[PDB]
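Heads up: the structure comes next, in structure tokens.
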Amino acid sequence: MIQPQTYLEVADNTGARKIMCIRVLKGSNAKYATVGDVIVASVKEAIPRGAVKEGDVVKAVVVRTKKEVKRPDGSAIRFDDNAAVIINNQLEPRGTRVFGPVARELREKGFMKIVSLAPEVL
Amino acid sequence: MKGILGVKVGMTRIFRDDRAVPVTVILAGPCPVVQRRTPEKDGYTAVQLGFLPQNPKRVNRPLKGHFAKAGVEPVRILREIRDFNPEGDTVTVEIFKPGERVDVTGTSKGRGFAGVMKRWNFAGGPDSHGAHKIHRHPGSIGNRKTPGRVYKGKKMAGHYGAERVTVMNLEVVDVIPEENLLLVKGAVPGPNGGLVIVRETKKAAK
Amino acid sequence: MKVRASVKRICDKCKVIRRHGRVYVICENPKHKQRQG
Amino acid sequence: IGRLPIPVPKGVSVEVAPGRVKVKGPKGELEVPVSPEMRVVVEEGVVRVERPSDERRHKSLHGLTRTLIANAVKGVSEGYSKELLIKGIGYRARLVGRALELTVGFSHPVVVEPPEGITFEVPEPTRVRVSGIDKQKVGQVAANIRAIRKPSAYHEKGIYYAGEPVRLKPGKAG
RNA sequence: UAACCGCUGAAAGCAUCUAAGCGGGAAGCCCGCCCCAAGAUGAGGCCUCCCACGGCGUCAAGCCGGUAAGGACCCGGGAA
RNA sequence: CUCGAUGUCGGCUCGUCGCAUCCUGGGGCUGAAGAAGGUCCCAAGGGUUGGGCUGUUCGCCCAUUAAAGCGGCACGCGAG
RNA sequence: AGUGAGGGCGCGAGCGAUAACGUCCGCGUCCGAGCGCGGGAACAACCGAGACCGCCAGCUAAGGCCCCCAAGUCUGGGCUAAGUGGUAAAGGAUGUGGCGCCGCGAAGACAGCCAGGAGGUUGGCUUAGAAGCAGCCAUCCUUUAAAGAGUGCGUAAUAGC
């Protein structure tokens, strides 16, 4: 569901759909890279070419596995942990990416692009 | 602004365009069992009861205390100040309107006797490089010539369940005038299928 | 302005004001707020 | 010799009562303080403050009872109106009845109320002030209003007593 | 009310917030918020109720029944 | 005083007071436009993060943060 | 026969930082070793005072007398009023009260007031401006409210206070 130190997944312009975040970008007292949140990290996994690198950005929270509990008592869980990498502003990293729909995301809102972008099966 | 009750159980419901969860308040309807007139108890107020547990069972005193303004045949009773009795019998079949905010409390389910572990926060000590106490145990208690001894009022092990308490604001959600019941989405303060009460205070400027 | 001390007035006509054992110099220039009580 | 001479014209209700001096004129039944030793008279047209000594306490007391009750009188004679001028591109003003129109906080609700001798005068409103009765409480309320926005040394847009020369300092660099 | 801002005013026959008297003012102080609490011998306040209980050397503040006025005991049950 | 006996570090866990207060606010001051800094007096209310390496508390460094204070109590804590 | 090492206080030299309930020596007292009573809150050595034993006797030290607790909430004359009492220096100040002193042209005072704030006062440099109120000094005259070689708000001098 969350974590501080983390081996997380992504799938943007990733070096590798994996980076380790330090912590949560929220109210100074992290403890939860939580669903639909924004946080900090560097790469863990490799990267053929790609302008990505073995650095560190911050970004926004996708999937989780341990209760995506929504306002409308909409409920879900994906046996997957990953978010999209950000470039400053938030403005996402890559041109596309491998994943899809569901409230929590769009709802957080700031990232419509991610929104229309990851649609279909997967 | 007060309701007397037999707290039922907590359960989930739906509102507007979304579900959320409530609780079951139930109260026949207490009545003017005793009044502190002010000249009577210048701490003026109303004391009432709200049900009835067997009559064959009942001390004379009770029988006549009732006699007083005479009412019925119960045992559930208690009091609250600064609350007029624009009646001589109360139910809530309106008494408590929904879509309103409330404050309320009740008996507090009865814990046990667990130290630094329970009672207080922070789950005990640590575990491994040390096991001659494995995982948790009691913090520290004072010192040499500081106060020169053992302190006097920091949290402490044991019995911390047989007590009572309340919750600040909560929502009145809904009113079922028939079976004198009300759904309120509440911290089920203390058990359920037992005793509670509600009162409303909050000149709270957001 | 203040200082647990000093104060020998200043603004050429800076006022020695007696207020609450409060050695407070009053003038016509903020520069002199002399609070030494 | 000097710190105690004043006449009580108008035949004002110039009298001393329960250890309090009662000065009654246009109505201002002003209560002018009476230190037990100060003492005073009002005969013919002459009203005098006496001095049961002349040391520090007393002498100041003299300057006072004299000046302040003198007040009691001049006051009871007219009605105490404080002349005041509101001025600033950023501000509005009208009596409204019994408050303080006022507007220069860019979220203008300024509904005030008139304490007592206080009558509101909007004849402008650039020129605009109040009338009171009680010289102390009047200068005061006036103040309350001034205070609530008035300041501005470097750029004006405030309320001003008579409106002192408002000393002003430059803004940026030029 | 803290610093800090003012009103009315002398002693310093012009002035000053300043002993005099009045006001402004801090997430802080008493309260308002919940939780204890007359073993606060300085309460108990109110309600109902058995009778002023019955025998003994007056000083009967001792005995026995007195009242199931009530409660305890044992039993049986309890998120206590 | 103590050698017929007082366990010294580092850390842990539970901490308790303190103000020369760090974040908090209240402020007069500015070389104060705004914003933002910086300059003192008032006030402890709550608050006063994770890791790295180093047995080191200090420290230097990563990432934030409103902020990530100094210190009293044998540099609190072995009858924990 | 016993101590053969002791400390404290005051004064006088060491030393030490002219620090320490430091340690060195000396004059004295001290305290132990009596120094058991008073006492100053209570405190081995700071002022009083030597206890052989009594008194339901009286005079006194020191130091005390509103009360807690014996003893005038004495009298008399002041001076502070901050609570100093109820630890502190450097140093700061129209604190408080006191000198022993200076201004009184009732040729009626000072803060408060009124009005004029006088004509050569007009470069000296700089004059873009000094024509007191821009920098290197000027130290004169007439003239009356008695006279500003102009103490001061200032820009372009100047003009106004």
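By order of appearance in the structure tokens: chains A, B, ..., then residues from 1 within every chain, and ligands from 1 in the order shown.
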Problem - Within 10 Å of residue 30 of chain C using only C-alpha atoms (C1' of nucleotides), minus same-chain residues under 5 positions, as a ChimeraX atom specification - result: /C:1,11 /F:28-30
Problem - Shell of 7 Å around segment 56-71 of chain B, only C-alpha atoms (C1' of nucleotides), local chain residues under 3 positions omitted, as a list in words - result: residues 33 of chain B; 47, 48 and 49 of chain E
Exercise for the section: Find the residues around residue 22 of chain B up to 7 Å (only C-alpha atoms (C1' of nucleotides) counted), leave out those fewer than 3 positions away in its own chain, and share them as a list in words. Expected result: residues 10, 11, 12, 13, 183, 184, 185 and 186 of chain B
Problem - residue 17 of chain E environment, 12 Å, only C-alpha atoms (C1' of nucleotides), sequence neighbours closer than 4 positions dropped, as a VMD selection string - result: (chain C and resid 17 to 20 24 26) or (chain E and resid 5 to 9 22 to 24)
Save the residues we just selected, N, CA, C and O atoms (P, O5', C5', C4', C3', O3' and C1' of nucleotides), as a PDB file, in the first residue's frame?
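result_33.pdb, freshly written:
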ATOM      1  N   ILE C  17      11.393  60.746  28.202  1.00  0.00           N
ATOM      2  CA  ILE C  17      10.082  60.423  28.762  1.00  0.00           C
ATOM      3  C   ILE C  17      10.038  59.395  29.889  1.00  0.00           C
ATOM      4  O   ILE C  17      10.502  58.229  29.801  1.00  0.00           O
ATOM      5  N   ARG C  18       9.426  59.891  30.950  1.00  0.00           N
ATOM      6  CA  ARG C  18       9.225  59.204  32.194  1.00  0.00           C
ATOM      7  C   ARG C  18       7.949  58.379  32.086  1.00  0.00           C
ATOM      8  O   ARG C  18       6.857  58.937  32.031  1.00  0.00           O
ATOM      9  N   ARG C  19       8.063  57.061  32.023  1.00  0.00           N
ATOM     10  CA  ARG C  19       6.836  56.289  31.940  1.00  0.00           C
ATOM     11  C   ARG C  19       7.039  54.949  32.560  1.00  0.00           C
ATOM     12  O   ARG C  19       7.792  54.193  32.069  1.00  0.00           O
ATOM     13  N   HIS C  20       6.432  54.658  33.693  1.00  0.00           N
ATOM     14  CA  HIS C  20       6.626  53.336  34.300  1.00  0.00           C
ATOM     15  C   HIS C  20       8.048  52.875  34.599  1.00  0.00           C
ATOM     16  O   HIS C  20       8.403  51.759  34.226  1.00  0.00           O
ATOM     17  N   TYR C  24      11.937  55.835  28.807  1.00  0.00           N
ATOM     18  CA  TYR C  24      11.538  55.777  27.409  1.00  0.00           C
ATOM     19  C   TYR C  24      11.672  57.131  26.725  1.00  0.00           C
ATOM     20  O   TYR C  24      11.064  58.103  27.124  1.00  0.00           O
ATOM     21  N   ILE C  26      11.092  59.530  23.698  1.00  0.00           N
ATOM     22  CA  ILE C  26      10.087  59.809  22.694  1.00  0.00           C
ATOM     23  C   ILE C  26      10.576  60.972  21.844  1.00  0.00           C
ATOM     24  O   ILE C  26      11.090  61.945  22.374  1.00  0.00           O
TER      25      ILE C  26
ATOM     26  P     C E   5       4.514  52.172  21.534  1.00  0.00           P
ATOM     27  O5'   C E   5       3.103  51.762  20.952  1.00  0.00           O
ATOM     28  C5'   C E   5       2.891  51.792  19.563  1.00  0.00           C
ATOM     29  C4'   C E   5       1.473  52.175  19.277  1.00  0.00           C
ATOM     30  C3'   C E   5       1.017  53.547  19.753  1.00  0.00           C
ATOM     31  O3'   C E   5       1.360  54.577  18.821  1.00  0.00           O
ATOM     32  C1'   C E   5      -0.546  51.914  20.413  1.00  0.00           C
ATOM     33  P     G E   6       1.126  56.123  19.210  1.00  0.00           P
ATOM     34  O5'   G E   6      -0.454  56.203  19.407  1.00  0.00           O
ATOM     35  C5'   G E   6      -1.042  57.109  20.339  1.00  0.00           C
ATOM     36  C4'   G E   6      -2.506  56.768  20.565  1.00  0.00           C
ATOM     37  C3'   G E   6      -3.230  57.756  21.453  1.00  0.00           C
ATOM     38  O3'   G E   6      -3.650  58.869  20.713  1.00  0.00           O
ATOM     39  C1'   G E   6      -3.788  55.578  22.146  1.00  0.00           C
ATOM     40  P     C E   7      -3.871  60.244  21.471  1.00  0.00           P
ATOM     41  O5'   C E   7      -5.152  59.947  22.378  1.00  0.00           O
ATOM     42  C5'   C E   7      -6.435  59.695  21.800  1.00  0.00           C
ATOM     43  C4'   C E   7      -7.498  59.800  22.865  1.00  0.00           C
ATOM     44  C3'   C E   7      -7.481  61.113  23.642  1.00  0.00           C
ATOM     45  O3'   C E   7      -8.318  62.079  23.009  1.00  0.00           O
ATOM     46  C1'   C E   7      -7.635  59.254  25.133  1.00  0.00           C
ATOM     47  P     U E   8      -8.195  63.635  23.403  1.00  0.00           P
ATOM     48  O5'   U E   8      -8.306  63.648  24.987  1.00  0.00           O
ATOM     49  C5'   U E   8      -9.485  64.120  25.598  1.00  0.00           C
ATOM     50  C4'   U E   8      -9.306  64.235  27.084  1.00  0.00           C
ATOM     51  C3'   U E   8      -8.152  65.069  27.613  1.00  0.00           C
ATOM     52  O3'   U E   8      -8.321  66.481  27.516  1.00  0.00           O
ATOM     53  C1'   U E   8      -8.435  63.147  28.941  1.00  0.00           C
ATOM     54  P     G E   9      -7.048  67.454  27.765  1.00  0.00           P
ATOM     55  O5'   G E   9      -6.488  67.013  29.200  1.00  0.00           O
ATOM     56  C5'   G E   9      -7.064  67.505  30.417  1.00  0.00           C
ATOM     57  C4'   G E   9      -6.045  67.475  31.534  1.00  0.00           C
ATOM     58  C3'   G E   9      -4.685  68.084  31.198  1.00  0.00           C
ATOM     59  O3'   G E   9      -4.665  69.516  31.343  1.00  0.00           O
ATOM     60  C1'   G E   9      -4.349  65.932  32.073  1.00  0.00           C
ATOM     61  P     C E  22     -10.144  53.814  35.403  1.00  0.00           P
ATOM     62  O5'   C E  22     -10.379  54.416  33.958  1.00  0.00           O
ATOM     63  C5'   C E  22     -11.640  54.938  33.614  1.00  0.00           C
ATOM     64  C4'   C E  22     -11.737  55.019  32.137  1.00  0.00           C
ATOM     65  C3'   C E  22     -11.158  53.791  31.498  1.00  0.00           C
ATOM     66  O3'   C E  22     -12.091  52.760  31.508  1.00  0.00           O
ATOM     67  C1'   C E  22     -10.351  55.682  30.396  1.00  0.00           C
ATOM     68  P     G E  23     -11.565  51.281  31.333  1.00  0.00           P
ATOM     69  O5'   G E  23     -11.047  51.277  29.798  1.00  0.00           O
ATOM     70  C5'   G E  23     -11.984  51.447  28.690  1.00  0.00           C
ATOM     71  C4'   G E  23     -11.315  51.614  27.290  1.00  0.00           C
ATOM     72  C3'   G E  23     -10.471  50.541  26.582  1.00  0.00           C
ATOM     73  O3'   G E  23     -11.208  49.409  26.072  1.00  0.00           O
ATOM     74  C1'   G E  23      -9.582  52.676  26.116  1.00  0.00           C
ATOM     75  P     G E  24     -10.436  48.016  25.738  1.00  0.00           P
ATOM     76  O5'   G E  24      -9.446  48.418  24.557  1.00  0.00           O
ATOM     77  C5'   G E  24      -9.942  49.002  23.353  1.00  0.00           C
ATOM     78  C4'   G E  24      -8.879  48.984  22.275  1.00  0.00           C
ATOM     79  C3'   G E  24      -8.165  47.658  22.057  1.00  0.00           C
ATOM     80  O3'   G E  24      -8.945  46.768  21.254  1.00  0.00           O
ATOM     81  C1'   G E  24      -6.575  49.406  22.142  1.00  0.00           C
TER      82        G E  24
END
Practice task
Would you work out the distance separating atom CA of residue 38 of chain D from atom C1' of residue 15 of chain E, expressed in Å to one decimal?
Solution key: 24.1 Å
Exercise for the section: Quick one: everything within 12 Å of segment 9-20 of chain A, counting only C-alpha atoms (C1' of nucleotides), minus sequence neighbours fewer than 6 positions away in the same chain. Send it as a PyMOL selection string. Expected result: chain A and resi 3+33+39-64+79-87+91-100+114+117-118+122
Selection from above, N, CA and C atoms, as a short mmCIF file (atom, residue, chain, number, x, y, z; two decimals), in the first residue's frame, can you write it?
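Once written, result_23.cif looks like this:
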data_model
loop_
_atom_site.label_atom_id
_atom_site.label_comp_id
_atom_site.auth_asym_id
_atom_site.auth_seq_id
_atom_site.Cartn_x
_atom_site.Cartn_y
_atom_site.Cartn_z
N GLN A 3 5.01 2.86 1.51
CA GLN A 3 6.41 2.61 1.84
C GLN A 3 7.14 3.94 1.82
N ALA A 33 4.03 6.43 0.72
CA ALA A 33 3.89 6.69 -0.72
C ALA A 33 2.54 6.01 -0.97
N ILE A 39 5.62 11.92 -4.73
CA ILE A 39 6.78 11.75 -3.88
C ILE A 39 8.15 11.77 -4.50
N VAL A 40 9.16 11.32 -3.74
CA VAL A 40 10.56 11.37 -4.21
C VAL A 40 11.35 10.13 -4.54
N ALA A 41 12.16 10.15 -5.58
CA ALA A 41 12.97 8.97 -5.85
C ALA A 41 14.08 9.04 -6.87
N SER A 42 14.87 7.98 -6.92
CA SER A 42 15.99 7.82 -7.85
C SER A 42 15.75 6.49 -8.52
N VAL A 43 16.55 6.18 -9.52
CA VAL A 43 16.36 4.90 -10.19
C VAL A 43 16.95 3.75 -9.41
N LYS A 44 16.40 2.57 -9.67
CA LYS A 44 16.93 1.38 -9.06
C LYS A 44 17.26 0.54 -10.29
N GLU A 45 16.27 0.36 -11.15
CA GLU A 45 16.46 -0.47 -12.31
C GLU A 45 17.09 0.19 -13.54
N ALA A 46 17.81 -0.64 -14.31
CA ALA A 46 18.55 -0.30 -15.55
C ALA A 46 17.83 0.62 -16.55
N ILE A 47 18.42 0.83 -17.73
CA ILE A 47 17.82 1.69 -18.76
C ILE A 47 18.47 1.67 -20.11
N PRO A 48 18.00 0.82 -21.00
CA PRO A 48 18.68 0.90 -22.28
C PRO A 48 18.57 2.36 -22.68
N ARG A 49 19.59 2.88 -23.34
CA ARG A 49 19.63 4.27 -23.80
C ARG A 49 18.71 5.18 -22.98
N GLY A 50 17.75 5.80 -23.65
CA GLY A 50 16.80 6.66 -22.97
C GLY A 50 17.42 7.81 -22.21
N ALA A 51 16.88 9.00 -22.43
CA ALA A 51 17.37 10.21 -21.77
C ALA A 51 17.04 10.21 -20.28
N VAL A 52 16.41 9.14 -19.81
CA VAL A 52 16.04 9.04 -18.42
C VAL A 52 17.26 9.21 -17.52
N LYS A 53 18.02 8.13 -17.32
CA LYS A 53 19.24 8.05 -16.50
C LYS A 53 19.08 7.39 -15.11
N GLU A 54 20.11 7.49 -14.27
CA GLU A 54 20.11 6.92 -12.92
C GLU A 54 20.06 8.01 -11.89
N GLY A 55 19.16 8.94 -12.13
CA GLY A 55 18.97 10.06 -11.25
C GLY A 55 17.84 9.94 -10.24
N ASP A 56 16.97 10.95 -10.22
CA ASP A 56 15.92 11.08 -9.21
C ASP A 56 14.92 12.19 -9.55
N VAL A 57 13.62 11.91 -9.54
CA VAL A 57 12.64 12.94 -9.81
C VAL A 57 11.77 12.71 -8.64
N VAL A 58 10.54 13.12 -8.85
CA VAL A 58 9.48 13.01 -7.91
C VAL A 58 8.35 12.71 -8.87
N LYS A 59 7.18 12.37 -8.36
CA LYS A 59 6.06 12.08 -9.27
C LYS A 59 4.75 11.66 -8.61
N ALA A 60 3.91 10.98 -9.37
CA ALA A 60 2.63 10.62 -8.83
C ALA A 60 2.20 9.14 -8.89
N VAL A 61 1.68 8.76 -7.75
CA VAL A 61 1.17 7.49 -7.29
C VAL A 61 0.09 6.67 -7.98
N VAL A 62 0.46 5.55 -8.58
CA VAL A 62 -0.46 4.63 -9.25
C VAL A 62 -0.44 3.18 -8.69
N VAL A 63 -1.62 2.57 -8.56
CA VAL A 63 -1.83 1.22 -8.02
C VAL A 63 -1.46 1.12 -6.55
N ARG A 64 -1.10 -0.05 -6.03
CA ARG A 64 -0.81 -0.13 -4.59
C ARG A 64 -0.90 -1.50 -3.93
N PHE A 79 -2.60 -6.16 -8.34
CA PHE A 79 -1.43 -6.86 -7.81
C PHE A 79 -0.29 -6.21 -8.62
N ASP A 80 -0.11 -4.92 -8.36
CA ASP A 80 0.90 -4.06 -9.00
C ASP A 80 1.15 -2.74 -8.21
N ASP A 81 2.40 -2.26 -8.25
CA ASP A 81 2.80 -1.05 -7.54
C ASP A 81 3.60 -0.15 -8.43
N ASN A 82 3.03 0.99 -8.80
CA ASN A 82 3.70 1.87 -9.74
C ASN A 82 3.10 3.28 -9.92
N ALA A 83 3.88 4.26 -10.33
CA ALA A 83 3.33 5.59 -10.52
C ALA A 83 4.02 6.12 -11.71
N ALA A 84 3.72 7.35 -12.05
CA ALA A 84 4.31 7.96 -13.20
C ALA A 84 5.29 8.99 -12.73
N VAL A 85 6.45 9.02 -13.38
CA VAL A 85 7.53 9.96 -13.10
C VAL A 85 7.23 11.35 -13.52
N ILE A 86 7.68 12.28 -12.73
CA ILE A 86 7.42 13.63 -13.05
C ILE A 86 8.63 14.41 -13.39
N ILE A 87 8.36 15.46 -14.16
CA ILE A 87 9.31 16.47 -14.56
C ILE A 87 8.72 17.71 -13.83
N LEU A 91 4.18 17.89 -14.71
CA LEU A 91 4.17 17.47 -16.10
C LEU A 91 5.00 16.22 -16.21
N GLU A 92 4.24 15.17 -16.44
CA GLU A 92 4.67 13.80 -16.59
C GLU A 92 6.00 13.64 -17.32
N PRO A 93 6.56 12.42 -17.31
CA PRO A 93 7.83 12.25 -18.00
C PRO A 93 7.73 11.89 -19.50
N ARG A 94 7.44 10.61 -19.81
CA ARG A 94 7.34 10.05 -21.20
C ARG A 94 6.23 10.44 -22.19
N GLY A 95 6.31 9.90 -23.41
CA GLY A 95 5.28 10.18 -24.38
C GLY A 95 4.03 9.39 -24.03
N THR A 96 4.21 8.14 -23.60
CA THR A 96 3.09 7.25 -23.26
C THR A 96 3.31 6.49 -21.97
N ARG A 97 3.00 5.20 -21.98
CA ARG A 97 3.16 4.34 -20.82
C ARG A 97 2.14 3.17 -20.76
N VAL A 98 2.58 2.02 -20.21
CA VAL A 98 1.79 0.75 -20.04
C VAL A 98 0.85 0.53 -18.77
N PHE A 99 -0.39 1.04 -18.83
CA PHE A 99 -1.39 0.92 -17.74
C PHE A 99 -2.72 1.66 -18.08
N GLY A 100 -3.71 1.64 -17.17
CA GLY A 100 -5.02 2.28 -17.42
C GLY A 100 -5.86 3.04 -16.37
N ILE A 114 -1.90 12.18 -18.00
CA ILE A 114 -1.76 10.77 -17.65
C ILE A 114 -3.11 10.20 -17.93
N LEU A 117 -4.04 9.52 -21.42
CA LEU A 117 -2.95 8.66 -21.86
C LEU A 117 -2.97 7.18 -21.55
N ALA A 118 -3.08 6.77 -20.30
CA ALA A 118 -3.09 5.32 -20.11
C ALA A 118 -4.53 4.85 -20.17
N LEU A 122 -4.60 -2.98 -19.95
CA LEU A 122 -3.23 -2.96 -19.48
C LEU A 122 -3.09 -1.54 -18.97
#
Practice task
Determine, counting only C-alpha atoms (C1' of nucleotides), which protein, DNA and RNA residues have an atom within 6 Å of an atom of segment 91-100 of chain D; residues of the same chain fewer than 5 positions away are not included. Present the result as a count of residues only.
Solution key: 8
Exercise for the section: May I have the residues within 7 Å of segment 12-20 of chain F as a VMD selection string, using only C-alpha atoms (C1' of nucleotides) and disregarding those fewer than 5 positions away in the same chain? Expected result: (chain B and resid 125 139 to 141) or (chain F and resid 72)
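Comparing G:118, G:141, G:153, G:42 by their smallest distance to chain D, the closest is G:153 (using only C-alpha atoms (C1' of nucleotides)).
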Handout entry: Every residue of chain D that DSSP places in helix (DSSP H, G or I), as a PyMOL selection string
Key = chain D and resi 9-11+56-77+135-147
Let's have the selection written as a PDB file, in the first residue's frame, with C-alpha atoms.
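New file again.pdb:
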ATOM      1  CA  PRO D   9     -20.337  81.058  32.671  1.00  0.00           C
ATOM      2  CA  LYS D  10     -23.868  80.175  31.412  1.00  0.00           C
ATOM      3  CA  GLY D  11     -25.090  79.756  34.993  1.00  0.00           C
ATOM      4  CA  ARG D  56       4.205  67.575  43.672  1.00  0.00           C
ATOM      5  CA  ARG D  57       0.976  65.534  44.114  1.00  0.00           C
ATOM      6  CA  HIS D  58      -1.118  68.514  44.947  1.00  0.00           C
ATOM      7  CA  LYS D  59       0.336  70.959  42.380  1.00  0.00           C
ATOM      8  CA  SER D  60      -0.240  68.506  39.541  1.00  0.00           C
ATOM      9  CA  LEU D  61      -3.690  67.791  41.064  1.00  0.00           C
ATOM     10  CA  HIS D  62      -4.319  71.569  40.712  1.00  0.00           C
ATOM     11  CA  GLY D  63      -3.298  71.753  37.092  1.00  0.00           C
ATOM     12  CA  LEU D  64      -5.781  68.916  36.704  1.00  0.00           C
ATOM     13  CA  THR D  65      -8.963  69.596  38.662  1.00  0.00           C
ATOM     14  CA  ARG D  66      -8.614  73.060  37.239  1.00  0.00           C
ATOM     15  CA  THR D  67      -8.122  72.187  33.578  1.00  0.00           C
ATOM     16  CA  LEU D  68     -10.342  69.037  33.518  1.00  0.00           C
ATOM     17  CA  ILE D  69     -13.304  70.325  35.430  1.00  0.00           C
ATOM     18  CA  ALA D  70     -12.772  73.562  33.414  1.00  0.00           C
ATOM     19  CA  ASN D  71     -13.503  71.069  30.687  1.00  0.00           C
ATOM     20  CA  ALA D  72     -16.616  69.857  32.555  1.00  0.00           C
ATOM     21  CA  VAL D  73     -17.795  73.417  32.057  1.00  0.00           C
ATOM     22  CA  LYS D  74     -16.821  74.524  28.516  1.00  0.00           C
ATOM     23  CA  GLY D  75     -18.268  71.184  27.588  1.00  0.00           C
ATOM     24  CA  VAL D  76     -21.559  71.534  29.414  1.00  0.00           C
ATOM     25  CA  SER D  77     -21.738  74.878  27.628  1.00  0.00           C
ATOM     26  CA  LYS D 135     -13.744  65.579  25.436  1.00  0.00           C
ATOM     27  CA  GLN D 136     -11.914  62.456  26.680  1.00  0.00           C
ATOM     28  CA  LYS D 137     -14.167  59.745  25.272  1.00  0.00           C
ATOM     29  CA  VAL D 138     -14.586  61.842  22.102  1.00  0.00           C
ATOM     30  CA  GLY D 139     -10.968  62.374  21.148  1.00  0.00           C
ATOM     31  CA  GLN D 140     -10.887  58.681  21.939  1.00  0.00           C
ATOM     32  CA  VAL D 141     -13.607  57.239  19.621  1.00  0.00           C
ATOM     33  CA  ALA D 142     -12.248  59.596  17.006  1.00  0.00           C
ATOM     34  CA  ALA D 143      -8.980  57.857  17.586  1.00  0.00           C
ATOM     35  CA  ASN D 144     -10.533  54.334  17.335  1.00  0.00           C
ATOM     36  CA  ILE D 145     -11.676  55.271  13.845  1.00  0.00           C
ATOM     37  CA  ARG D 146      -8.427  57.027  12.822  1.00  0.00           C
ATOM     38  CA  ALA D 147      -6.453  54.084  14.028  1.00  0.00           C
TER      39      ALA D 147
END
Exercise for the section: Can you work out the spacing between atom CA of residue 9 of chain B and atom CA of residue 77 of chain B in Å, to one decimal? Expected result: 20.7 Å
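Across chain C, DSSP run on the backbone finds strand (DSSP E) at residues 15, 16, 17, 18, 19, 22, 23, 24, 25, 26, 34 and 35 of chain C.
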Practice task
Would you please work out which residue, of F:60, F:53, F:66, F:11, is nearest to chain B when using only C-alpha atoms (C1' of nucleotides)?
Solution key: F:11
